[PDB]
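Okay, here we've got a single chain as structure tokens, the form deposited in one PDB entry, with questions on binding and movement later.
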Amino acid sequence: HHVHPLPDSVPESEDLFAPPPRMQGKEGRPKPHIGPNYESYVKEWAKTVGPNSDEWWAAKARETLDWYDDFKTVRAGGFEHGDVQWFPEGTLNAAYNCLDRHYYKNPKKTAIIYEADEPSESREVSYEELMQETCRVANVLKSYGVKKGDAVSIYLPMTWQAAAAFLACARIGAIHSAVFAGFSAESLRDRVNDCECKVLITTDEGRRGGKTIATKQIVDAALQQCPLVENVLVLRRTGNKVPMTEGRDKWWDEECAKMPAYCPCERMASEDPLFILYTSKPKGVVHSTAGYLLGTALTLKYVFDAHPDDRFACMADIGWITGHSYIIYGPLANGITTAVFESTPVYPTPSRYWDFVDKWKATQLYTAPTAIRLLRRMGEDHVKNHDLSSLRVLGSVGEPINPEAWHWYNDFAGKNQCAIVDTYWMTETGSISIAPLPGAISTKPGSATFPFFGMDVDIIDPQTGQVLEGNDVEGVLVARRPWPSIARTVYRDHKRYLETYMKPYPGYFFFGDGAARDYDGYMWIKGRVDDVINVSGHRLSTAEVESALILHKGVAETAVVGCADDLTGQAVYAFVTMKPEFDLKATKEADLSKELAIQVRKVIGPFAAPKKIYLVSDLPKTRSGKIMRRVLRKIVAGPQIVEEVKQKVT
């Protein structure tokens, strides 16, 4: 075989995991929407792509969402000019579909499990309460003169009212622009200025992991260089003293107490913008309304096999696309219960995720490989003595998951009775692009497996620009046709949208990730194209080498980067984080490095061995958990963790 799975300890012949009994409709669990086998996935998926797929999409759109005006055209437009359109004559409102319609059916159903930073302050927020607060905030925004199409910035931490703020903007047709709470005054300022908002929603402070986010102080420093912001609405989350500018700043509770607890829904065109989401110049990714909402609704239902009484626990942050799509929009559109988790995986202790699961009897958990590796670094007794049997599906998103981490997840979070859904997608795709359907697909550790409904993906050889036909091929991932939830533009910079996604391989969407299709047709997403390392013609992916390294005992997490080398073209440089109890004095470091190199050669090949290996306490990571390999690549080529890496490279 040309294409290999990511390195694992389990032989490939013992590494295929069929959907387990909790996803077979046994033990009183819901029967899967799609099952029981690969063929049942294909039979349904084939209706969603190709020249006769309008029928399925029109039916799903009409069955999944409540519309004010029906659409007439299913899809139009394309990559070349970025004029993608779905359901364009239709009208609807995201707030109506995430709140009103469920409130009318069962107003006392829990919409949000609000898991506070302190476990004792947690509570359930009914659909009724969420909708009432959403309408109050909507009424407040309208009283500031916010109109359909205006941008509103949101600088909120992970408290449940973040959902009300998003949905209040959606209710009146304002375009929300959420900024991760804890970004600097400079970074907030850049995003506030770019979207030209006149209103900002924030908190006095946030609380995360027992620490204080000085959100209002950050805001005050940012707004000194934001001439357009006229109104700031401040949620009294801690009640500790914070500065308040007269006229500009008002308290959330005092404003909302003046307003009615209902507010009508603005009737939005399918293609009206729903939100801008900046990704780190900051790219303002724009999603419209109907296709984005339909895509989040469908992926949530089918990738996590959501059923009406489920309690879906996505542990991400609403500042991230993962929080947009699988905390707020996806789960609320489906009318189920969604978690807003305010803390960290290790606060107060690393048992927190599993205390949370057992407390609330969560049925699906969705988190990042960075969190999984973190909890793996902390040992098995924080999870061994938990029930966790309410879970059926375990999700991973954000980066390739090393099969070693996949097994830890499977063994201890799932007790070998959950399906593991490795979900590949991006801010720009709006919703999950490639993922196993848990009641149909037999999983391989580290493989996203098969494309979602509406996704028709190919592998292009970047050295020729041409599509590689068949299986057992590797290259760069591309999509052949638009899908309902694709980002529609980059805010006021459409040329950069076209140049970034539509120009590199004309006729296709370019994800920017390297990928492989193995002999069974399973997709393997192996890292960013920019992070590929070319050693003497051998194009190595980051996930390959990093998965090899973590197979060594004591390794907690690694990152590899390439650097210029006059003999091999490029050479591999590895940064390795060992588990904290590992005895660095008993094992001579020069011996560890040699055993690591030897391990990489066995699984991958002789060329793949690192030229150098740096031992570090941590890697530079974004708030979402992405490893900043571009930073490490530069330090090799000439917050506080980066200064330590530069020092260790000298």
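When you see a residue number, it is the position in the sequence shown, counting from 1. For the two forms, the rigid core is made up of the largest set of C-alpha atoms that agree within 1.5 Å on superposition.
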Practice problem: For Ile604, record whether it is unmodelled in at least a third of the other compared entries of this protein. | Solution: no
Quiz item: Do at least a third of the other compared PDB entries leave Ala586 without coordinates?
Solution: yes
Quiz prompt | Between neighbours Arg22 and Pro21, residues that the deposited sequence lists but the model omits | solution = none
Quiz item: Relative to the deposited sequence, how many residues with no modelled coordinates occur between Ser280 and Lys281 (none, 1 to 3, 4 to 9, 10 or more)?
Solution: 4 to 9
Quiz prompt | Which of 476 to 484 and 210 to 218 has higher mean CA B factor, as the PDB entry lists it | solution = 210 to 218
Quiz item: Which of the two stretches, 77 to 85 or 558 to 566, shows the higher mean Cα temperature factor in the record?
Solution: 558 to 566
Quiz item: Between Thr427, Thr110, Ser351, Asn334, which carries the biggest CA temperature factor in the record?
Solution: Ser351
Quiz item: Looking at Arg376, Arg528, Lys148, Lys142, which has the highest CA B-factor as recorded?
Solution: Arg376
Quiz item: So where's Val467 on the chain's Cα temperature factor ranking, which third?
Solution: lowest
Quiz prompt | Among modelled residues of the same chain, the CA temperature factor third for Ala58 | solution = lowest
Quiz item: If you rank every modelled residue in this chain by C-alpha B factor, which third holds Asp66: lowest, middle or highest?
Solution: lowest
Quiz item: Based on the entry's values, in what third of the chain does the Cα temperature factor of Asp305 lie: lowest, middle or highest?
Solution: middle
Quiz item: What third of the chain, by the recorded C-alpha B-factor, contains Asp411?
Solution: highest
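The form deposited in another entry exists for this protein as well; it is not shown, and the discussion that follows is about that form.
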Quiz item: Picking from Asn106, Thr212, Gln417, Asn534, which residue has its CA shift by 2 Å or more between this form and the one not shown, once the rigid core of the two forms is superposed?
Solution: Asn534
Quiz item: Rigid core fitted, then: does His307 show a CA shift of 2 angstroms or greater between this form and the one not shown?
Solution: no
Quiz item: Superposing on the rigid core, do we see a C-alpha displacement of 2 Å or more at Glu342 between this form and the one not shown?
Solution: no
Practice problem: Return yes or no for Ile604: a CA shift of at least 2 Å between this form and the one not shown, with the rigid core superposed? | Solution: yes
Quiz item: How does the CA gap of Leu477 and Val572 change in that other deposited form versus this form, closer or farther, if it moves 3 angstroms or more?
Solution: farther
Quiz prompt | Direction of Cα pair change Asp530-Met523 in that other deposited form, magnitude 3 angstroms or more | solution = closer
